[PDB]
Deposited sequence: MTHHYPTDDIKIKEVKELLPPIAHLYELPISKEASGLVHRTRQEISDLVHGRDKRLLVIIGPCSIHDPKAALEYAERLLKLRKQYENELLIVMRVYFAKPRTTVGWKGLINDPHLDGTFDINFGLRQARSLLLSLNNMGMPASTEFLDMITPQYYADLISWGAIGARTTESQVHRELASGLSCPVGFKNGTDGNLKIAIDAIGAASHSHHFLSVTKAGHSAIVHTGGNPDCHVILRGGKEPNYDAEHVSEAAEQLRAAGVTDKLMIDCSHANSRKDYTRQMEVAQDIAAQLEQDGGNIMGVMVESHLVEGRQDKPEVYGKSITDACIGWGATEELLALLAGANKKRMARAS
């Protein structure tokens, strides 16, 4: 029997400091989206969380670099619960085909609260129409994924979220559908949704003004300067923000997780050469590099493969050093 959001919000209410972090981080991000601050948002963390222990451990380390680089970068953890394909730690938290959604949603809120409490903001992918209410309050940045950027109900969903939202270009490279997504997400909508209490209702939303585009490759990779400058023109054409995010992983690195660093080197070049239209990057990253089918090694992905801790330090310093130079000019 499905518990409503209110049951989880009661056991695990947001603390003052988690509340303050989220509010502050959401704003700080807004500033990057509309070009009021020249720091670089870095959404970095695992492809997917399957072990809360590990995620917290990962946070601790990320925390040191988050504060270390705070004048140049704005580091925020990837806390994605799954990959649209095990459909997650939400849909199946025991990793054994048991589908215990009540436990999953509880565990997800708990991890989210714990990270916000220790100073680490959290981002995630909003896939379902109903699950967001259970932890959206703990989320500082949200992704609508390549497979739903074109869906009306997902643009609706984003139009009512209190955090900035990144729309990915379509699976085969289509950029218009993300630009459209911003236009749709920015305006008011009326639609059916589910309340904190678990009842259906008509919601009226006010529009999300802090949406932006995410370049994640396609038929070919769209991360370089020319690809970025073409994106910027199109965004200016449609009267939406020409500041965008580049996903280092997935279809931009193709089938090689270690190529994340090359893309990052290339973004670093742009930032030292000009890079005016870049406000963020995304990186798939974990304690231990690579992937595995079943979860036997601690802190190594069971979905898409991720760079390991060593390379993450490397990749962050690379970008930190690069963006310091852009902020100077």
message = If I number the deposited sequence starting at 1, which residue ranges have no C-alpha coordinates at all?
response = 1-16, 102-105, 350-351
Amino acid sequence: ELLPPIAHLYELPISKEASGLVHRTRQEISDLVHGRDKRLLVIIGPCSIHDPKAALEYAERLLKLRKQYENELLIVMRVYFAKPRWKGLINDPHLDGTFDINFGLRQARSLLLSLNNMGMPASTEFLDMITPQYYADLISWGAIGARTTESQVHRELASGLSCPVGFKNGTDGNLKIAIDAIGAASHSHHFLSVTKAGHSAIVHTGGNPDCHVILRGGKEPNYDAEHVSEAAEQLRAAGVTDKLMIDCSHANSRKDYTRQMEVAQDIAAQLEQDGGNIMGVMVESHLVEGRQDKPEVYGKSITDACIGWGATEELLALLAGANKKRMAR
From here on, numbers count along this sequence of modelled residues.
task = Could you check the entry and say whether 212-220 or 192-200 has the higher mean CA B-factor?
result = 212-220
ask   = Averaging C-alpha B-factors over each stretch, which comes out higher, 233-241 or 163-171?
value = 233-241
ask   = From 84, 104, 142, 121, pick the one with the largest CA B-factor in the entry?
value = 84
query = Checking the entry, which one of 137, 125, 128, 156 has the top C-alpha B factor?
reply = 128
request  = State the tercile, meaning the lowest, middle or highest third, of residue 178 with respect to the CA B-factors recorded for its chain.
outcome  = middle
query = Based on the entry's values, in what third of the chain does the Cα temperature factor of residue 52 lie: lowest, middle or highest?
reply = middle
key: Modelled-residue ranking by C-alpha temperature factor, third containing residue 114   = lowest
note = The third of the chain into which the C-alpha temperature factor of residue 92 falls is the highest
inquiry  = Could you place residue 66 in the lowest, middle or highest third of its chain by Cα temperature factor, using the values in the record?
reply    = middle
